[PDB]
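As structure tokens, the structure follows; a few thoughts come after it.
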Amino acid sequence: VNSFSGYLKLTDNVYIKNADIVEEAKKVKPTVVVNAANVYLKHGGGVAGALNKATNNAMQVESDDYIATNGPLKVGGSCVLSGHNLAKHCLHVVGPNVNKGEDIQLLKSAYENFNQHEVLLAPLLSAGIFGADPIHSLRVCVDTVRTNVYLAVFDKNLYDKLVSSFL
Ligand SMILES: O=C(N[C@@H]1c2cccc(O)c2C[C@@H]1C(=O)O)c1ccc2[nH]c(CO)nc2c1
């Protein structure tokens, strides 16, 4: 038993809810919140900008030190950093950005990072301003992640569509 509330069970291990991931994080304080990162950890907009804003820019400060030491992530890759006031840890995961022309096949590799963590609060990778179909992202999530994932979906109208179209 865990503390996530109101989530709709999709599969053995995947649950979904219409909520702002930042607000979910603030309430739950999960062990791991997933950020929809880019390779430079520049948290400007979407999930990343919203999470970073809630940390008063501490996420960005930590991220800039990470990049200065280690260089950029790979598309499909990840790193574990602090969760600041939102979670114990933040797993920064880079899904492919269709609006930048990146290979959608890398979405499965991105979701594989979730399997290193027993339980996660997460967004659908590559969706929103990353340009991919959220219905596709949810399918890849369910078919790739084996650990327990609680998906927060910002847009209420998309959430209803994701549920109604789920196979
Ligand atoms: O961009 C965000 N989420 C993506 C998003 C956004 C809009 C339509 C979409 O189809 C999608 C798919 C993505 C998802 O739901 O995971 C996001 C999430 C929380 C936010 N809190 C604030 C505060 O101002 N801003 C936010 C932005």
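Residue numbers count from 1 along this sequence. Atoms within each ligand, like the ligands themselves, are counted from 1 in listed order. Values below: every heavy atom of this structure, side chains too, minus hydrogens, waters and symmetry copies.
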### Query
Should we count NZ of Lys17 as having more than 12 external heavy atoms under 6.0 Å?
yes
Between ligand 1 and the protein, give all atom pairs where both partners are nitrogen or oxygen and the distance is under 3.5 Å, as lines of names plus distance to 0.1 Å.
unit_1   : atom_1 : unit_2 : atom_2 : d
ligand 1 : 15 (O) : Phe154 : N      : 3.0
ligand 1 : 21 (N) : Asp20  : OD1    : 3.4
ligand 1 : 21 (N) : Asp20  : OD2    : 3.0

### Task
Begin from the C-alpha positions of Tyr15 and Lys9 and carry the test side chain to side chain donor-acceptor pair (under 3.5 Å) through to its verdict.
CA-CA 5 Å; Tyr15 294 79; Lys9 191 171 179 52; 2.9 Å; yes
### Query
So how far is it from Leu158 CG to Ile135 CD1, rounded to the nearest 0.5 Å?
7.5 Å
### Query
Could you state the interatomic distance from NZ (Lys74) to CG (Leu106), rounded to the nearest 0.5 Å?
11.5 Å
### Query
Do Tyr40 and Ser63 have side-chain N/O donor and acceptor atoms under 3.5 Å apart?
no
### Query
Between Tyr150 and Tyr7, what is the ring plane arrangement, given parallel below 30°, perpendicular above 60°, and tilted in between?
perpendicular
